[PDB]
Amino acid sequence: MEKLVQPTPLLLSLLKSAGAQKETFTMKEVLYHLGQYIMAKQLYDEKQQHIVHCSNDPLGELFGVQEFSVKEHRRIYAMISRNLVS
């Protein structure tokens, strides 16, 4: 069975605002809901669509960055892990 992870309060609140309805998730599920949030908030750069703008959004504080690239996967996993229960 795939390992389930447990978002801490702020990430959990974001995930549920995006439609999530449980407390533990596979990493694939966490990433899915985050992608939905980013899409819904229109955070992608208009010309460089790999870039997510966080400087005007609470996601910036959650991840601790101003922009990130969807192509930097290790970085994204790290930003999520800081928001998972150890």
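The term rigid core refers to the most C-alpha atoms you can superpose between the two forms while keeping them within 1.5 Å. Numbers follow the displayed sequence, beginning with 1.
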| property | result |
| --- | --- |
| Core-fitted comparison in 6 other deposited structures of this protein, 29 to 37 vs 46 to 54, farther C-alphas | 46 to 54 |
| Given 67 to 75 and 15 to 23, the range whose Cα B-factors average higher in the PDB entry | 15 to 23 |
| 26 to 34 versus 41 to 49 - which carries the larger mean C-alpha B factor in the record | 41 to 49 |
| Chain third (lowest, middle, highest) by recorded CA B-factor, residue given as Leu84 | middle |
